[PDB]
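Letter 21 of the sequence shown, counting from 1, is numbered 716 in UniProt numbering, and no numbers are missing.
Report on the following structure.
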Amino acid sequence: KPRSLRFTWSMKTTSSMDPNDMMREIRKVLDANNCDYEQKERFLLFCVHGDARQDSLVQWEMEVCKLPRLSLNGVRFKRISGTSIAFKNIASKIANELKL
Ligand SMILES: [Cl-]
Ligand SMILES: [Cl-]
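Printed below as a string of structure tokens:
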């Protein structure tokens, strides 16, 4: 089951979709944007975009979670590495393209 998490201002991606369907959509959008992901847990991805030999390498977590206090599911994003601008750019693009 996805983890149950407290709603915070960072949570901007919510959905009533089945969490497994959410994961399918997330991987689809990541593929479309040439982001790699490691399947850390059923509902947790370690994502990577860009080129380590340039200035563009960005790593971040994406997690599908339940938000019981909203009766919704959500997608958590958290930076792991990379410049602030590179993270803002790629993570915002992914978030904008998710069809949940
Ligand atoms: Cl908050
Ligand atoms: Cl979040």
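We put the CB at the ideal spot given by N, CA and C, even for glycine.
For ligand 2, which residues count as neighbours when the test is a C-beta closer than 6 Å to any heavy atom?
Here the residues come out as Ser705, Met706, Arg771, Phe772.
For the alpha helix (DSSP H) containing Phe741, name the first residue and the last one.
Where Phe741 is concerned, there is no enclosing alpha helix (DSSP H), although the beta strand (DSSP E) it sits in stretches over 739-744.
Can you list, in chain order, the residues of its chain with a C-beta nearer than 7 Å to that of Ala786? Leave out the 5 residues immediately preceding and following it.
Cβ neighbours of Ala786 beyond the five flanking positions: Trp755, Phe772.
Going by beta-carbon coordinates alone, are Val753 and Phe782 separated by less than 7 Å?
Contact: yes.
Could you please give the first and the last residue of the uninterrupted beta strand (DSSP E) stretch that includes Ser776?
Residues 767-776.
State yes or no: is the C-beta of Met718 within less than 7 Å of the C-beta of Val759?
Yes, Cβ-Cβ distance for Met718 and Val759 is below 7 Å.
Look up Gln734 in the DSSP assignment and give the residues it is bridged to.
Answer is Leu740.
Taking 6 Å as the limit between beta carbons, can you name the residues of its chain near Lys735, skipping five residues before and five after?
Cβ within range, chain order: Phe741.
So is the beta-carbon of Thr708 under 6 Å away from any non-hydrogen atom of ligand 1?
Not under cutoff, so the answer is no.
Any heavy atom of ligand 1 closer than 6 Å to the Cβ of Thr703?
Checking the Cβ of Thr703 against ligand 1 gives yes.
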